[PDB]
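Close look at the chain arrangement
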Amino acid sequence: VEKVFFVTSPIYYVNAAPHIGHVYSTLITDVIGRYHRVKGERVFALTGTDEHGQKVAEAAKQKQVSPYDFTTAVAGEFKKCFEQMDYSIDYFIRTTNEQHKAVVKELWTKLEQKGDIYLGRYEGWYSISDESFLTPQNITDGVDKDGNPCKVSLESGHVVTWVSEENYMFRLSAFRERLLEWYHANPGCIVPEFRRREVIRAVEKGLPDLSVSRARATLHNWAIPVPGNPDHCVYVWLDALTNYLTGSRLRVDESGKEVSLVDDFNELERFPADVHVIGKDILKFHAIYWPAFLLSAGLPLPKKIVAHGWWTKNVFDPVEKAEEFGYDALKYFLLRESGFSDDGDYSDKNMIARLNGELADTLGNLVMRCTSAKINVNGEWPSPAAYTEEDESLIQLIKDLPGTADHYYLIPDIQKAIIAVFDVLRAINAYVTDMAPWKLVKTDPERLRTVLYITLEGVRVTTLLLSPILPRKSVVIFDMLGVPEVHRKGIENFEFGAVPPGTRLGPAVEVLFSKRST
Ligand code: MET
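1. Let's talk about helix α3 (residues 67-84)
- For α3, built from 18 residues, the straight-helix expectation of 26 Å at 1.5 Å per residue is met to within 8% by its first-to-last C-alpha distance of 25 Å.
- Along α3, the positions that sit buried rather than exposed are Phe70, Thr71, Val74, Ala75, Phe78, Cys81 and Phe82. All buried residues of α3 fall inside an arc of 125 degrees around its axis, so they share one side. When the buried face of α3 is taken as reference, the exposed residues oriented beyond 90 degrees from it are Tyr68, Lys80 and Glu83.
- Elements that come into contact with the buried residues of α3 comprise β1 (5-13), α1 (20-38), β2 (43-50), α2 (54-62), β3 (91-94) and α10 (318-325).
- Two residues or fewer past α3, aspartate 86 is found with a positive phi of approximately 70 degrees.

2. A few points about the sheet that holds strand β11 (residues 213-215)
- The strand order across the open sheet built from 3 strands is β11-β13-β12, with neighbouring strands paired in antiparallel fashion. Whereas interior strands pair on both sides, the edge strands pair on one side only; in this sheet they are β11 and β12 (225-226).
- Note: β11 against strand β13 (residues 229-234), 3 bridges, orientation antiparallel. Looking at the pairing, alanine 215 lines up with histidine 232 of β13.

3. As for the site of the ligand
- The full set close to the ligand counts 13 residues, and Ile11, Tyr13, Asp50, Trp237 and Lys313 are the nearest of them.
- Taking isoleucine 11, its main chain carries an N or O atom lying 2.9 Å from a nitrogen atom of the ligand.
- Within the backbone of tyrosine 13, a nitrogen or oxygen atom sits 3.2 Å from an oxygen atom of the ligand.
- In isolation the ligand has 310 Å² of accessible area, and contact with the protein removes 99% of it.
- Among the secondary structure elements, those contributing two or more residues to the shell around the ligand are β1, α7 (236-241) and α8 (243-248).

4. Considerations on the sheet that holds strand β9 (residues 190-191)
- Taken in spatial order, the 6 strands make up an open sheet running β3-β2-β1-β16-β17-β9, and their pairing is parallel. The two strands at the open ends of the sheet, each matched to only one other strand, are β3 and β9.
- Direction of pairing for β9 relative to strand β17 (residues 304-308): parallel, over a ladder of 2 bridges. Bridge assignment links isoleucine 190 to a residue of β17, and that residue is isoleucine 305.

5. What to know about the packing of helix α5 (residues 176-185) against helix α6 (residues 193-205)
- α6 packs onto α5 with a crossing angle of 155 degrees between their chain directions and a minimal axis gap of 10 Å. When the axis of α5 is compared with that of α6, the two are roughly antiparallel. α6 is crossed by α5, and the crossing has left-handed handedness. Within the contact between the two elements, α5 uses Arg176, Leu179, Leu180, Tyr183 and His184 and α6 uses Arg196, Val199, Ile200, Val203 and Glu204.

6. Brief notes about helix α4 (residues 98-113)
- Given a rise of 1.5 Å per residue, 16 residues ought to cover 22 Å, and the 23 Å separating the end C-alpha atoms of α4 matches this to within 8%.
- Among all positions of α4, only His100, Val103, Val104, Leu107, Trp108 and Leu111 are buried. An end-on view of α4 places all buried positions within 135 degrees of arc, on one side of the element. Exposed side of α4, more than 90 degrees from the buried face: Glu98 and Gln113 are the residues found there.
- Backbone nitrogen of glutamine 99 and a side-chain oxygen of the N-cap are separated by 2.9 Å at the start of α4; the cap is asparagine 97.
- Backbone geometry just downstream of α4 places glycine 115 in the positive-phi region, at approximately 85 degrees.

7. What about the packing of aromatic side chains?
- Tallied over the entire structure, the rule returns 28 aromatic pairs.
- Seen in terms of ring centroids, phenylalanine 271 and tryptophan 290 are 6.2 Å apart; in terms of plane orientation they differ by 90 degrees. Their pairing is edge-to-face. With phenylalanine 271 in the loop between β15 (258-261) and β16 (275-279) and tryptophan 290 in helix α9 (residues 283-297), the pair connects residues that are 19 residues apart, well separated along the chain. Comparing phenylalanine 271 with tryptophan 290 shows no difference in burial state: the two are buried.
- Seen from their ring centres, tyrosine 453 and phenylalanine 496 are 6.1 Å apart, and the 90 degrees between their planes marks the pair as edge-to-face. Residue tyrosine 453 is located in helix α16 (residues 445-466), and its partner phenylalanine 496 is located in the segment after α17 (471-481); the two are separated by 43 residues in the primary sequence.
- An aromatic cluster is built from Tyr12, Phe78, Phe82, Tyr87 and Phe92, whose rings are joined through pairwise contacts.
- Residue placement shows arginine 214 over the ring face of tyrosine 126; its charged tip is 4.7 Å from the ring centre.
- The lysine or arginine in question, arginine 270, covers the ring of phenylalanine 44, its NZ or CZ lying 3.5 Å from the ring centre.

8. A short note on the nonpolar core
- Among the nonpolar cores identified, the biggest contains 95 residues, and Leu335 and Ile469 are the most heavily contacted of them.
- Broken down by element, this core gets its largest block of residues, 12 residues, from helix α14 (residues 414-435).
- Counting the residues that make up this core, at least three belong to each of domain 1 (1-115 + 237-346) and domain 3 (347-518).
- Not counting residues within four places of it along the chain, the set of residues in contact with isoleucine 469 comprises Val31, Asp328, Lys331, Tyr332, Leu335, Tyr409, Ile414 and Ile418.
- Grouped together as the second largest cluster of nonpolar side chains are 66 residues, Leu107, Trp108, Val203 and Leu299 included.

9. Some thoughts on the pattern of salt bridges
- Per the counting criterion, the structure on display carries 29 salt bridges.
- Of the charged contacts, one joins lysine 515 and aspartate 361 as a salt bridge, the two residues approaching to 2.9 Å between their closest N and O atoms.
- Residue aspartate 361 is classed as partly exposed on the basis of its relative accessible area of 37%.
- What you see here is one network of salt bridges that share partners, running through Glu2, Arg42 and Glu269.

What counts, and at which threshold
A chain's residues are numbered here from 1, following its sequence as written, a convention that may not match the entry; residues for which no coordinates exist are omitted. Hydrogens and waters are ignored; side-chain quantities use all the structure's heavy atoms. Residues with missing side-chain atoms are left out of burial classes, side-chain pairs and their counts. The secondary structure listing takes helices from DSSP runs of H or I that are at least 4 residues long and strands from runs of E that are at least 2 residues long, numbered from the N terminus. In a helix, the anticipated span is given by 1.5 Å times the number of residues less one. For each residue, the accessible area found with a 1.4 Å probe, counting protein chains only, is set against the maximum for its type, and the residue is called buried under 20%, exposed over 50%, and partly exposed in between. Our arc is simply the arc of the directions from the helix axis toward the C-beta atoms. Two residues qualify as a contact provided that any one of their heavy atoms is within 4.5 Å of a heavy atom in the partner residue. In this scheme, strands are said to pair when DSSP sees at least two bridges between them. Being near a molecule or strand, for a residue, comes down to having at least one heavy atom within 4 Å of it. Polar contacts, as counted here, are pairs of nitrogen or oxygen atoms within 3.5 Å of one another; within protein the pair requires one atom able to donate a hydrogen and one able to accept it, and residues that are adjacent in sequence qualify only if both atoms are side-chain atoms. The protein chains shown are the only cover counted for residues, whose accessible areas, like all others here, come from Shrake-Rupley with a 1.4 Å probe. Axes here mean lines fitted to C-alpha atoms, for a helix over just the part in contact, with angles spanning 0 to 180 degrees between N-to-C directions. An angle below 35 degrees is read as roughly parallel, one above 145 as roughly antiparallel, one from 65 to 115 as roughly perpendicular, and any other as oblique. Crossings are sorted by hand: turned counterclockwise from the far helix by less than a right angle, the near helix makes the crossing left-handed, and turned clockwise it makes it right-handed. Each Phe, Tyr or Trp ring (for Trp, its six-membered ring) is paired with any other whose centre lies within 6.5 Å, and the angle between the two planes then decides the class: stacked below 30 degrees, edge-to-face above 60, tilted in between. Comment: the charge-over-ring label is applied if NZ (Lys) or CZ (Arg) is within 6 Å of the ring centre and within 35 degrees of the ring normal. As used here, the term nonpolar core means buried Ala, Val, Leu, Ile, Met, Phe, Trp, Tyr and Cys residues forming a set that is joined through side-chain atoms within 4.5 Å. Note: domain ranges come from an automatic or database domain assignment. Between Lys or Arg on one side and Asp or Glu on the other, a salt bridge is scored when a side-chain nitrogen of the former is within 4 Å of a carboxyl oxygen of the latter.

Encoded structure:
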């Protein structure tokens, strides 16, 4: 089915200024979006801010300023951070937005009409910092920041409190079987697999009903009112999750402002999300609550939820590191250094180790070799002679790469996609070392044509598949190689030989990645 490829980040709480967690989550969203764009697909990538709730209102109170000002300020800081980080996100949604509120009311009303919301009580533990209902089995002993004996969340370690409120309740328990059906009929819908198994175990154990409203006093009146009952406010998570539906219905002008909210999601061909990028901290909300609401409303379910090993919500300022080491290089590091775990060091030592080893010595070095006036004397893509068996072994690696990288990108598993490309980059280097084209300029010009052509084509194809990771440096590489704009995109240009011999290199200047001291 030809739709617009719809990829989302989580919308982030605005109690705190943007930090690495949000930058990471949004980077993953950005890269997926970019890969589908290089593949020639229509893409709508979404990110934003989660502005309502007790948590934010209390953070505004601490800073001594109104919630409206506070959210607008911090939202602004987030907007600036993502511009600074050089993403290509199609739209930035805010839950304070009027059109968003409309969609929340629409969805609430649908759920109520369908018999799935009732008036009840929630009596139990609650983490305000996670905005999460917790059972007794998920709390434990700990300290508040006075240093006194309190209860804290097993999930997060944040301070929990007992809540006894009359609340609108969503009948989540009535959706246990349909959710389990969904997980089994769609075994790739939650990634990575061990997190998919975690969700399934939880839902197999049983589901309580979910409190979807809170009394307005408790939220400091900083939330969306329940339709037909202004004493209650909508649960910041139903509010929050609904951003995805809202985003799928907004028309956006060339400057990135929302101009129109369409009635039917099908008009824009975005809903449901093809990929939801989230941290492991919010898995239950996206894999249990969210599809249950969609099932109730008769709305389509997302295709994939990918949960990474970071708690999205000792300084590590990404804007600071990007200025020291390069923007693309930092993005490369974050995506290369860890797959689905915290485990993998985020040290200057290892950052330099990858910058030097992979970006400079593997990729950078190879680009200079195949473009230098020393080796490539005519400044062009030469026409190759006959291929040896060793030539063909390298060519096969280059030919097989796009299909392999495609699968990894679609999982999605961006670390594996990068490793797959660099495996081919390592191989190309080995080939160049073996063939020694610097010697071949004098000895065997006919052979050099073949060696150089293969190297150039390897560098192009690898660079194309790396262009979602290194969006700026890929443009620099393509300019040096002299690759016409039209060949920097599309599935057709994944194929070997797409740039013809005789193509002239771009003018010389420079380095791509400068090595750094240890
Ligand atoms: C609908 S995604 C909500 C994410 C949440 N605001 C967080 O910061 O974890």
